[PDB]
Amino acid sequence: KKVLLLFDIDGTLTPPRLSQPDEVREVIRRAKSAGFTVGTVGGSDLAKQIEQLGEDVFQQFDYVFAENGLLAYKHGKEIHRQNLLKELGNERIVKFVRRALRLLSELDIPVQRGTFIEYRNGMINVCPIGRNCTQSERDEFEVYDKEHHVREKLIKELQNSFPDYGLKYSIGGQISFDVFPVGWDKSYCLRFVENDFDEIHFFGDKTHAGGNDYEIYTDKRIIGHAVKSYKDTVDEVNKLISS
């Protein structure tokens, strides 16, 4: 019997915006000893998972899915690296990024720095303040955006400009939003595991419709566990270990 346990990271394996607690490391160690395969699926880049989970994340987890699985590792080896260009084509990319640049130039937010548009493997990250800002400026913009809805207004303008582009808009991050082809949500990673496991369990804190765990949670191929915190994840994994 082969059972895969897939975890969202922020809010599932960690307190919000902090690092993996000892209780989480303990339960993952104990799940692997029982013979569970374990994997992470985040919407961020790998560097962000190293920051939340630690430098040895490739040893802790059998599977590390970065960018929703568009960048995939098994036992620290790259098994997949998607590219957006083959899905959208150059003309649509260039029109999209030119409209995003114009919209970011029209903002009246108090702080802007750099790295507004990050072209990753199979997604574009749009960050209104720019990813090159300080921690203090990042935390400030998070609060600003709850009052002024900067990301939500930009998404609405991009939806209005590009109705038939085949893009999903996902406010995943603290100060940014993700743009990727329809179907390249976190359920994307299931193409690498669907044929290799009897059961796949998914654990995540953002499993409501609109949350970046909804598609993987509701995929017919997985057993979903909605968790409110890492304490719920530990309780749920402990139940599965019992068997």
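Residue numbers here begin at 1 and follow the sequence given.
Between 15 to 23 and 226 to 234, the higher mean Cα B-factor belongs to 15 to 23.
When 97 to 105 is weighed against 71 to 79, 71 to 79 comes out higher, by mean CA B-factor as recorded in the entry. Of the candidates 215, 55, 62, 205, it is 55 whose Cα B-factor is highest according to the PDB record. The maximum CA B-factor among the listed residues 187, 176, 37, 49, taken from the PDB record, is found at 49. Split the chain's modelled residues into thirds by C-alpha temperature factor. Residue 31 is in the highest one.
When the modelled residues of the chain are ordered by their C-alpha B factor, residue 130 lands in the lowest third. Ranked against the other modelled residues of its chain, the C-alpha B-factor of residue 114 as given in the entry falls in the lowest third. Per the deposited record, the Cα B-factor of residue 87 falls in the middle third when ranked against the other modelled residues of its chain.
Ranked within its chain, residue 147 lands in the middle third, by CA B factor from the PDB record.
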